[PDB]
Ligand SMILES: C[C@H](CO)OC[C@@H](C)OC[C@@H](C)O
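Here you get one chain, nothing else, as structure tokens; it is the form deposited without this ligand.
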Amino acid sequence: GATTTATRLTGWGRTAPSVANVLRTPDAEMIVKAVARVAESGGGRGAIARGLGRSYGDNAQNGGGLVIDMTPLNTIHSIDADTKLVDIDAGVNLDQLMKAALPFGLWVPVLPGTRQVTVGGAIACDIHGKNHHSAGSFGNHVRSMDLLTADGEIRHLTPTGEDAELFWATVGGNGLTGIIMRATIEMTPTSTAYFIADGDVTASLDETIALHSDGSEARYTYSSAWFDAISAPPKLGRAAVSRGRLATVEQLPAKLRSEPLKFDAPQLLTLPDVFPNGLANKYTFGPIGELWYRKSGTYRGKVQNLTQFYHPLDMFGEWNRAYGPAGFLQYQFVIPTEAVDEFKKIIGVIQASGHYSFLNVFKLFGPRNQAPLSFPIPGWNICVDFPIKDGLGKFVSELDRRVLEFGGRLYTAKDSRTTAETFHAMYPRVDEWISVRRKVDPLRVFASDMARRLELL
């Protein structure tokens, strides 16, 4: 049942609200009609797809225009264990897909830190995960997709076909080449739903960097770390590192061998439920605390399910991103591998800034792909979460400048406030991408708040 409703929209960050007509229909034919209507007009304030709204900024909103909610197009058409291909509507989310694919011994090839994202959102942001250095980003695994363009046609795009240019502009394109209706993804084969993991705890930034540079990364398909962004040096940049690979059946204890592909139910009680007063005791911040933390986060060959290995912060319940009525600003950047001193300088700047981030992701990215607006490049990728308070806006503008100067970039899926000038300098293939977009949407049928702010329109 199709509905068109005026709706106040924000990204996950709950900032920059704007009002748009939100179309919500399970009918593909209706979506086509709306795009044909906008194009007949043709353009006006245009249209943009929206997935599950997990992007923090303004890429899935369109103030004074049309937003098409893609979540009702969520049919899994087929899964094939022999070809390893899945054929699914763009509104299918990655949790749904993971659960449907497991009985075939198939693994979603790129998983982000939350499972509530659409296939369309995964493609449009060319999302990355803990296995980026071994598997690339989501775009690398798309074998085809059906794109509804401004001319009202549906184009079958393939990575190396005749429409490869448009394919690779849609990857990481933030919905600005049209509406992805449907895609075919090549999955990763697996015999189990478990990981075998090694954990390490480092004492400092220099140590965290050495561990990622000593060659050991090549022995793990999956690798990420939490780091300390608050402590003065030398504690600054100390990390709990979690690295592993998917387990094989024989690597499971006998207990788990009868259902190797099973996903366990996320249990009832989290840590806030069990320890409401917190985890701190008289030992926590001294030498016995340091030792305990070091020992508990150091291990070899530990069998873990998805939550344990991949969503380790789920146990922290209501404690993560808590207490702030003002909200938080999520800031994610990557710095080229070779710029290691520069990378260390930026971590120092953050620590000395007087803005405190507790939730810190650290990962070494691998080789980039051919998508001109793709975020990942090989090098040091960082996510930080700053509580909103005075001076933050002007400080993150300074961070932008250092990120840019050091050859790095910000991620559109996280950004709500960088400038067009900074963004364009961070993405030297932006003009190349813009030319593809104007060729495929001369009338700006597709438009968003981000497109206008970053002058991608």
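In case it trips you up, residue 1 is the first one in the sequence shown, and so on.
As for the form deposited with this ligand bound, it is not shown, yet the points below apply to it.
K.L.:
Would this ligand, positioned as it is in the deposited bound form and superimposed via the C-alphas around its site, fit into this form without 3 or more of its atoms falling within 2.4 Å of the backbone or C-beta atoms? Open or blocked?
P.N.:
Open, since after superposition no atom of the placed ligand lies within 2.4 Å of the backbone or C-beta atoms.
K.L.:
Pick the stretch from 268-276, 251-259, 208-216, 222-230 whose residues have a heavy atom within 4.5 Å of this ligand in the deposited bound form.
P.N.:
Going through the listed ranges, the match is 222-230.
K.L.:
Heavy atom within 4.5 Å of this ligand in the deposited bound form: which of 346, 88, 241, 247 fits that? Just give me the one.
P.N.:
Only one option qualifies, and that one is 241.
K.L.:
If the cut-off is 4.5 angstroms on heavy atoms, which of these, 195, 168, 310, 386, is the one near this ligand in the deposited bound form?
P.N.:
Here the answer is residue option 310.
K.L.:
Does the 4.5 Å heavy atom contact test between residue 107 and this ligand in the deposited bound form come out positive?
P.N.:
No, no contact at 4.5 Å.
K.L.:
Check whether residue 316 has any heavy atom within 4.5 Å of a heavy atom of this ligand in the deposited bound form, and answer yes or no.
P.N.:
Yes, contact at 4.5 Å.
K.L.:
Just to confirm, residue 360 within 4.5 Å of this ligand in the deposited bound form by heavy atoms?
P.N.:
Because a heavy atom of residue 360 falls inside 4.5 Å of this ligand in the deposited bound form, the answer is yes.
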